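Structure, as structure tokens:
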Amino acid sequence: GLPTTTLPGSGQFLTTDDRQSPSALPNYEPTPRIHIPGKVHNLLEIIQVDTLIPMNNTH
Amino acid sequence: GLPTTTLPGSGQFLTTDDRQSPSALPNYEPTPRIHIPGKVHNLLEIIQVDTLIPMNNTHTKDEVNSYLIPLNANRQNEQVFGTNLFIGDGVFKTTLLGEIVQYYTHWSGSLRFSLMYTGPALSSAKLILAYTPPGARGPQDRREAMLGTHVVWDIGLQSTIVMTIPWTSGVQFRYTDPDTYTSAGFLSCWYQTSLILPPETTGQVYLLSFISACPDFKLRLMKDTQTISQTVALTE
Amino acid sequence: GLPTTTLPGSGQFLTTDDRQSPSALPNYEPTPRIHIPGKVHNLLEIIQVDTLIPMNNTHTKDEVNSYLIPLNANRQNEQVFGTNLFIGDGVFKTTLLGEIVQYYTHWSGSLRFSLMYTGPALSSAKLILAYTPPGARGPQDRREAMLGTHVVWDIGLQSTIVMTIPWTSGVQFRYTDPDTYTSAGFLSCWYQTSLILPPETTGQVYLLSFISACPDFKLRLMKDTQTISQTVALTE
Amino acid sequence: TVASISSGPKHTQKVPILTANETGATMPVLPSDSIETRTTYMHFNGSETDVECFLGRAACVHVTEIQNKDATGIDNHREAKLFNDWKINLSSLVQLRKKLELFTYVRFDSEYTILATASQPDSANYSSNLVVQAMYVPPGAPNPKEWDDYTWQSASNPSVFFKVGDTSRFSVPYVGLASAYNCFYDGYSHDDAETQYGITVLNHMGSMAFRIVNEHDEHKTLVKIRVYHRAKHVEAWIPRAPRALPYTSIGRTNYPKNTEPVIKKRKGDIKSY
Amino acid sequence: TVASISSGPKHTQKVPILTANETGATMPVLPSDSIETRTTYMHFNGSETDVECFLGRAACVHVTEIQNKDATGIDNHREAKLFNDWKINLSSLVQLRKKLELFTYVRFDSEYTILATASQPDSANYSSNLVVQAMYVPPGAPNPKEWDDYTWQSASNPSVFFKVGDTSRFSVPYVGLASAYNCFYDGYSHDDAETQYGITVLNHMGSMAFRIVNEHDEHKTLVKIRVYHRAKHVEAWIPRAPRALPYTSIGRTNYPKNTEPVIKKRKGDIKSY
Amino acid sequence: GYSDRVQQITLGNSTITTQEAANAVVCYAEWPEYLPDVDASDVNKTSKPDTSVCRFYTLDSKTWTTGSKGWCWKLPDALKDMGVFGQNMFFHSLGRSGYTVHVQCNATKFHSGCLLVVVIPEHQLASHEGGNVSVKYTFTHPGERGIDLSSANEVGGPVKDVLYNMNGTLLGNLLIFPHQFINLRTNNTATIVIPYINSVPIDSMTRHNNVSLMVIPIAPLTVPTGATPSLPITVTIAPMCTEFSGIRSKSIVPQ
Amino acid sequence: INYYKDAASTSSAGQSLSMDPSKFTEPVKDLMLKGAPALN
Amino acid sequence: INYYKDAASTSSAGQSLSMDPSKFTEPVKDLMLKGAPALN
Amino acid sequence: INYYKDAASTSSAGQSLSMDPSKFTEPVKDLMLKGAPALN
Ligand SMILES: Cc1cc(CCCOc2c(C)cc(-c3noc(C(F)(F)F)n3)cc2C)on1
Ligand SMILES: Cc1cc(CCCOc2c(C)cc(-c3noc(C(F)(F)F)n3)cc2C)on1
């Protein structure tokens, strides 16, 4: 047995943490990828596309 | 599963421990660094800068006057001022040195004590600064003080005299908190000759004293200071 | 996350375990080492230094006299002293050897038993030290003692006689705590000839006995000693 | 590294111990400049006085309170402390504050530790296993109104769920809008005759809400939350006068009226030892 | 390594077993110097008797007590034990003390282990999960006055928070002001006719405070704290006579008046076996 | 025979001479410089008026009396109404600059007095009312006139106890900031070169004062028998490496 | 060894080891040599 | 393998393996040989 | 280092680092050069 010391935070669930976790569906083979146009990689990509401004709030 | 054995201490929160922890803001890109002058890397850096000592405690309330050491004309032999060297208390407690020193438990090294004369240019005087190392009492007359580490300061063109308080101790470290076995000694100043004023000149001339650490200095075992407190949490 | 499995023992505090633990004082710089004579690395080092044995228990209270073995003039055949060899009890219990030995459960090796004569220079005598290995009783007369490991000591210029108690045992280790199967035997001393005093000399001459371990010695299985205790925590 | 070099008698035209402090400089005078010294070494690096160490330990920066009780009939969940929030700042508890305020600008990453302890002031048959949710609510994010809002879904706000009695740990990168955090700011949010003055208008870091996920038990439970802060990867600029007088408010440099003298007064002469 | 060499009959002018202890030396006489021996090996290194092992295990060095109860109306929190402190020293509990005092000077790093156990002497519906805070308060640091002072912010003092029933572990570097710890000190803090004598004026290591973070429950809870010490990276100098008489005070070598004889008295002759 | 004491400083069409100085201070050993590309953010090309704003402007003289407590100016505020420099300040959204501060005060070899001249980056003042009261804009923007520490408190204003640096710190420790003394027996002028010090590349020059300059008498004034019990103190400041960005309408500020 | 992806999650930086007090002790324009008259 | 930065946090040193009893057993000025008269 | 057998159990992919907004900003048939009349 490898001697360890658990640190503060152990047991916590950080919604933002990025770790590995066991797969509930071992050996499952997802459906193949096919080509789909319009792929988005970054939100900074799309905000460069302009949309209309409801400048005339008045209503 | 790798077999492990949790050791005593598991689950504890040591405010002093230094470990890794997951980032709550993954992929966040902090703002770029720009150049900012005056970067400080070590507190030992800044305590080498001297600040004014409120040597003249005598007042009923904090006043500019507590920084002015009075000097009297035509006095001989007499003592100008005195103080023990518990840099973490007394006059020193509010200085930059004392303030920082109090963030640590142990200190060691040499101190830089300076005196700048502010009396009229046409006046003259010769004082004597003395450092009495631990073991005996604070000197009671010039003769006694003069028998130890001292400096005969001749007032003139160069306004300031810098006397060093060479680390003189057996044990290699002293406590910042006033402790007897760890006393640093005494500092006193006397008239070597006497202050002489020119004609049409009357009154009091003052001396400004400064304190700072030499590159000699060492500080260790960080701790909370007795120089700040509160009764209830502050509110906006 | 690396899959692990905690084993039995997790969370336990074994006073004897040797592991790493975070430092409560990060970046602290301890005081430099300086040279200090008399460094001790092993307890086996110091038990080789002999100390005095209070062979003369006989007294109602601890006295210098318990270290003095009386010797009487013009006695023949008679026995001077005797004791079993439970180095962790009896006379030995308070000696440096016994004291240290009691910090361990097992012992093995050879013991060094010395006798220094203090009677007048012009006196003479021949005694005989005998070590009776386990298996029989403590000798009751010189003839019996003489049949085992012994030394005929001639008193003279060289004041001390050093008799060794060669590790004589079947099992390779004995208990420090008096245990019968683990007995070490018996030590006795007798008059080989007899103590003779010079003219105008009267009274008692004494012998001083010492005990120490040979480089032979081994000690193992550390444990608490029966030589110290308290009823309540001490206070300042 | 030498602490002091060997220096003997002296009789020169070179007077090192004579300077003029009105220049504004602290000449590096050494013992060996005013007395005969022997050689000695440092055997010291000054690691414990590095700013990375000075601000490198956890210090409590805030204490707040929330409670697990029947919410039925409560009109203002916030006031009832069904959930409570902390308008993030590091100047509420003075100990760390004085340290940080030893410099003007400061930049670093932070490691937070949240400790929650339970309390049952009046009759309870057991101590319940409550789970706390601490959610960071940045400026602009919808603040929680009820202890079980939609806001606690925290789809984008980050947040942790931990047991009471346990501790929560995570670190945050330097989130300053500038290149460093301002400990002081001699300015305003805009040129207006009445707006606030000080870092009060600068350190607008939002707040983090706390609540207890479990529904209520028969008895009422009082959970007290403590947030600890530890800086790491430190950089500090422009040292300044340490604070002398006590604080009165978060962010302002204000100090109380009729305050006691901070400089000790001598029990005697200026010649007294 | 040989334990005993082969040595046979002897008849020399070289008498090894004849020495003069008044020289102050313990001549290294071996069995093979007074009897015929056979060859035998050690098969032993003496690892268990190395000072690093002798002082290398945890030993209890202090027991104290604190309690979780309603602080309302208590004027002296300290006396009430709402929080209590320990004026650090290793000579309160004798077992370890005798060991350390086998040498004059001693230097090493220390590993502490703090065990806290709970107790409810009178009526309670459950056992609460209390968290203990142990804070090191060095000489010069402000001592806690109330169980919830500002001092517990511990911005610079180091401190641990652990569950009662659990254990706290951490290590401390050699913090001596000198090059080693003094187990004895034949001196005073200064040349004064009334000041204290002994290591009492030397081992001034401050104290560590303990408290229970949680607020009070209906019932009162008694937490007993035990501190254990383990030395590591040991160095010892100047061995000395082991202690014989019982102790009476922390730091002093004093021993009780009218104390019992420590050397056993023989049930008989000096010739008795 | 070049001396620490004699100096000349020329900026734009203005020159300063002093025959009794004590060297000069360069805050944190850094000379002022323009904003380098690597540190910039604001994409606007900046304006560099050079000699038209980087010159010496002399404030109104102050009067040092045996009772004076000290004075406190704030930059860029103090120059807000000075020639083209001021104008640019209001017409631009952003701006950065450094300065050369020259404080003058001569007397005689018979007088005695010691002024502490210091520059304090981000000198956030405290309100005398305590609690959580703010310090209204107008009170930290005294302009050319500056703040007189011996005047009385006023509603909305800052506290003015020289002893506590107007911010809860002790006077004696003001030396940790780039400073210089004017000790009448040694000095007669103090000079301090201030580089741009801020946590942002460029900033608003109306809503934020980067530093404040303080002249504080430590050793009180002393005049010879039967002489006028006062000495004038003059403050001359010159911006340098000044840069303005985002030009427009021209700010209208409180009062 | 770093277990996490972001820089912020790493432990303490370890001593800067630069240490130059001169930018605070000697922020003067004209270099002043120890031993030489401060005001020449 | 050491998990922590400071020396103090490491485990036990392991046997000194020096072992010289002579500084306590034979602290005499003039070397005394075993077998040779202690007092000559 | 991946502790599990399946791809699904691994952590976040890490920045795509492609970033081509043109498929949304300029989905025109005849390339339009900045500065050249949009309608010629
Ligand atoms: C001065 C100064 C320095 C700082 C740093 C404030 C950091 O603010 C936070 C905090 C305290 C917590 C989170 C946070 N992320 O996740 C969580 C939680 F959900 F675990 F709490 N809290 C995010 C930021 C930007 O604020 N003022
Ligand atoms: C003789 C002799 C030897 C010693 C060593 C005393 C070590 O003292 C301490 C202790 C006991 C604890 C801490 C400590 N650091 O953190 C914590 C806590 F907060 F976890 F308790 N305690 C620091 C020092 C210097 O004292 N007397």
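Ordering of the structure tokens sets the chain letters (A, B, ...); residue numbers start at 1 within each chain; ligands are numbered from 1 in the order shown.
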
(request) For chain B, report every residue with an atom at most 10 Å from chain E (counting only C-alpha atoms), formatted as a VMD selection string. (result) chain B and resid 7 to 17 88 to 89 102 to 107 134 to 136 170 to 183 220 to 233

Listing only residues of chain C within 9 Å of chain A, what is the closest atom pair and its distance in Å (to one decimal) for each, using only C-alpha atoms, sorted by chain and residue number ascending, as JSON lines?
```
{"residue": "C:1", "atom": "CA", "partner": "A:20", "partner_atom": "CA", "distance": 5.7}
{"residue": "C:2", "atom": "CA", "partner": "A:20", "partner_atom": "CA", "distance": 8.5}
{"residue": "C:5", "atom": "CA", "partner": "A:1", "partner_atom": "CA", "distance": 8.7}
{"residue": "C:6", "atom": "CA", "partner": "A:1", "partner_atom": "CA", "distance": 7.9}
{"residue": "C:7", "atom": "CA", "partner": "A:1", "partner_atom": "CA", "distance": 6.7}
{"residue": "C:10", "atom": "CA", "partner": "A:3", "partner_atom": "CA", "distance": 8.7}
{"residue": "C:19", "atom": "CA", "partner": "A:3", "partner_atom": "CA", "distance": 8.3}
{"residue": "C:21", "atom": "CA", "partner": "A:5", "partner_atom": "CA", "distance": 8.8}
```

(message) When you look at residue 20 of chain E with a cut-off of 6 Å (counting only C-alpha atoms), what residues show up, excluding the ones that are within fewer than 6 positions of it in the same chain? I need them as a VMD selection string.
(response) (chain C and resid 158 to 160) or (chain H and resid 38)

Please report, as JSON lines, each residue of chain C lying at most 10 Å from ligand 2, together with the nearest pair of atoms and the separation in Å rounded to one decimal; use only C-alpha atoms and all ligand atoms, and order rows by chain and ascending residue number.
```
{"residue": "C:23", "atom": "CA", "partner": "ligand 2", "partner_atom_place_in_ligand_line": "15 (N)", "distance": 8.0}
{"residue": "C:24", "atom": "CA", "partner": "ligand 2", "partner_atom_place_in_ligand_line": "15 (N)", "distance": 4.6}
{"residue": "C:25", "atom": "CA", "partner": "ligand 2", "partner_atom_place_in_ligand_line": "15 (N)", "distance": 6.3}
{"residue": "C:26", "atom": "CA", "partner": "ligand 2", "partner_atom_place_in_ligand_line": "15 (N)", "distance": 9.8}
```

(request) One decimal, Å: what's the distance from atom CA of residue 132 of chain B over to atom CA of residue 80 of chain B, could you say? (result) 15.4 Å

(request) May I ask for the distance between atom CA of residue 173 of chain E and atom CA of residue 53 of chain D, given in Å to one decimal place? (result)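 According to the coordinates, atom CA of residue 173 of chain E and atom CA of residue 53 of chain D are separated by 16.2 Å.
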
(request) Find the residues around residue 228 of chain D up to 6 Å (only C-alpha atoms counted), leave out those fewer than 3 positions away in its own chain, and share them as a list in words. (result) residues 58, 59, 60, 61, 112 and 113 of chain D

(request) Might you pull out every residue within 6 Å of segment 33-39 of chain B, with only C-alpha atoms counted and same-chain residues fewer than 6 positions away left off, and present them as a ChimeraX atom specification? (result) /D:179,236-238 /F:28,39

(request) Using only C-alpha atoms, find which residues of chain F lie within 9 Å of chain B and jot them down as a PyMOL selection string. (result) chain F and resi 27-30+38-40+108-114+132+162-164+170-176+183-186+195-201+217-220+222-226

Resulting file, chosen residues, N, CA and C atoms, as a CSV table (one decimal), in the first residue's frame:
```csv
chain,number,residue,atom,x,y,z
F,27,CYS,N,12.5,58.4,-9.0
F,27,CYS,CA,11.7,57.4,-8.4
F,27,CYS,C,12.0,56.0,-8.9
F,28,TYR,N,12.3,55.1,-7.9
F,28,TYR,CA,12.6,53.7,-8.2
F,28,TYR,C,13.6,53.5,-9.3
F,29,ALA,N,14.6,54.5,-9.4
F,29,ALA,CA,15.7,54.4,-10.4
F,29,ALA,C,15.2,54.3,-11.8
F,30,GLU,N,14.1,54.8,-12.1
F,30,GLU,CA,13.6,54.7,-13.5
F,30,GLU,C,13.2,56.1,-14.1
F,38,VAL,N,4.6,46.8,-26.9
F,38,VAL,CA,4.3,45.6,-26.2
F,38,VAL,C,3.4,45.7,-25.0
F,39,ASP,N,3.3,46.9,-24.4
F,39,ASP,CA,2.5,47.1,-23.2
F,39,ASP,C,1.2,47.8,-23.6
F,40,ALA,N,1.0,48.4,-24.7
F,40,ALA,CA,-0.2,49.1,-25.1
F,40,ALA,C,-1.4,48.2,-25.3
F,108,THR,N,18.6,81.7,5.0
F,108,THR,CA,20.0,82.1,5.3
F,108,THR,C,20.7,81.1,6.1
F,109,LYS,N,22.0,81.3,6.4
F,109,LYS,CA,22.8,80.4,7.2
F,109,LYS,C,22.4,80.6,8.7
F,110,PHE,N,21.5,81.5,8.9
F,110,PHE,CA,21.1,81.8,10.3
F,110,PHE,C,19.7,81.2,10.6
F,111,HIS,N,19.0,80.9,9.5
F,111,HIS,CA,17.7,80.2,9.7
F,111,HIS,C,17.9,78.8,10.0
F,112,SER,N,16.7,78.1,10.2
F,112,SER,CA,16.8,76.6,10.4
F,112,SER,C,15.4,76.1,10.1
F,113,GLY,N,15.4,74.9,9.4
F,113,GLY,CA,14.1,74.3,9.1
F,113,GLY,C,14.3,73.1,8.2
F,114,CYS,N,13.4,72.2,8.2
F,114,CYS,CA,13.6,71.0,7.3
F,114,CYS,C,12.3,70.5,6.8
F,132,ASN,N,-17.6,55.1,7.0
F,132,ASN,CA,-17.4,54.8,5.6
F,132,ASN,C,-17.8,55.9,4.7
F,162,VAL,N,-1.2,65.9,9.6
F,162,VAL,CA,0.0,65.6,9.1
F,162,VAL,C,0.6,64.3,9.6
F,163,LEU,N,0.3,64.1,10.9
F,163,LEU,CA,0.8,63.0,11.6
F,163,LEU,C,0.4,61.6,11.0
F,164,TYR,N,-0.7,61.6,10.3
F,164,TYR,CA,-1.2,60.3,9.7
F,164,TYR,C,-1.3,60.3,8.2
F,170,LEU,N,1.8,56.4,9.5
F,170,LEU,CA,2.6,57.4,10.2
F,170,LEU,C,3.6,58.2,9.4
F,171,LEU,N,3.6,59.5,9.6
F,171,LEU,CA,4.5,60.4,8.9
F,171,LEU,C,5.9,59.9,8.7
F,172,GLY,N,6.5,59.5,9.8
F,172,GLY,CA,7.9,59.0,9.7
F,172,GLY,C,8.2,57.9,8.7
F,173,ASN,N,7.2,57.2,8.3
F,173,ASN,CA,7.5,56.1,7.3
F,173,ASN,C,7.2,56.6,5.9
F,174,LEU,N,7.0,57.9,5.7
F,174,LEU,CA,6.8,58.4,4.4
F,174,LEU,C,8.1,58.3,3.5
F,175,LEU,N,9.2,58.1,4.2
F,175,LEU,CA,10.5,58.0,3.6
F,175,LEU,C,10.6,56.8,2.7
F,176,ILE,N,9.7,55.8,2.8
F,176,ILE,CA,9.8,54.6,2.0
F,176,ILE,C,9.4,55.0,0.5
F,183,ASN,N,16.7,70.8,3.8
F,183,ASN,CA,17.2,71.2,5.1
F,183,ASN,C,17.9,72.5,4.9
F,184,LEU,N,17.3,73.6,5.3
F,184,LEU,CA,17.8,74.9,5.1
F,184,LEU,C,19.3,75.1,5.3
F,185,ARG,N,19.9,74.3,6.2
F,185,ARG,CA,21.4,74.4,6.4
F,185,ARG,C,22.2,73.7,5.4
F,186,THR,N,21.5,72.9,4.5
F,186,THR,CA,22.2,72.1,3.5
F,186,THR,C,21.6,72.4,2.1
F,195,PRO,N,8.5,58.8,-12.9
F,195,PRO,CA,8.1,58.1,-14.1
F,195,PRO,C,6.7,57.6,-14.0
F,196,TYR,N,6.1,57.3,-15.1
F,196,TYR,CA,4.7,56.9,-15.1
F,196,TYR,C,4.5,55.6,-14.3
F,197,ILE,N,3.8,55.7,-13.2
F,197,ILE,CA,3.5,54.6,-12.3
F,197,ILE,C,2.1,54.3,-12.2
F,198,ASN,N,1.6,53.1,-12.8
F,198,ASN,CA,0.2,52.8,-12.7
F,198,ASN,C,0.1,51.3,-13.2
F,199,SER,N,-1.1,50.7,-12.8
F,199,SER,CA,-1.3,49.3,-13.2
F,199,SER,C,-1.9,49.2,-14.6
F,200,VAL,N,-2.0,50.3,-15.3
F,200,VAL,CA,-2.6,50.3,-16.6
F,200,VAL,C,-1.7,51.2,-17.5
F,201,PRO,N,-1.5,50.8,-18.8
F,201,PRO,CA,-0.7,51.5,-19.8
F,201,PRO,C,-0.9,53.0,-19.9
F,217,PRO,N,6.7,70.2,6.7
F,217,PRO,CA,7.7,70.7,7.6
F,217,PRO,C,7.9,69.7,8.7
F,218,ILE,N,9.1,69.2,8.9
F,218,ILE,CA,9.4,68.3,10.0
F,218,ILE,C,10.0,69.1,11.1
F,219,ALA,N,11.2,69.6,10.9
F,219,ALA,CA,11.9,70.4,11.8
F,219,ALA,C,11.3,71.8,11.5
F,220,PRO,N,10.5,72.4,12.4
F,220,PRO,CA,9.8,73.7,12.2
F,220,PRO,C,10.8,74.8,11.8
F,222,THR,N,12.5,78.5,11.8
F,222,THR,CA,13.2,79.2,12.8
F,222,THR,C,13.9,80.4,12.2
F,223,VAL,N,13.5,81.6,12.5
F,223,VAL,CA,14.2,82.7,11.9
F,223,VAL,C,15.0,83.4,13.0
F,224,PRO,N,16.1,84.2,12.5
F,224,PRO,CA,16.9,84.9,13.4
F,224,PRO,C,16.2,86.0,14.1
F,225,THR,N,16.7,86.4,15.3
F,225,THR,CA,16.1,87.5,16.1
F,225,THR,C,15.6,88.7,15.3
F,226,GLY,N,14.3,89.0,15.5
F,226,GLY,CA,13.7,90.1,14.8
F,226,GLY,C,13.5,90.1,13.3
```

(message) Measuring between only C-alpha atoms and all ligand atoms, which one of D:18, D:244, D:100, D:116 shows the shortest distance to ligand 1?
(response)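 Using only C-alpha atoms and all ligand atoms, ligand 1 sits closest to D:100.
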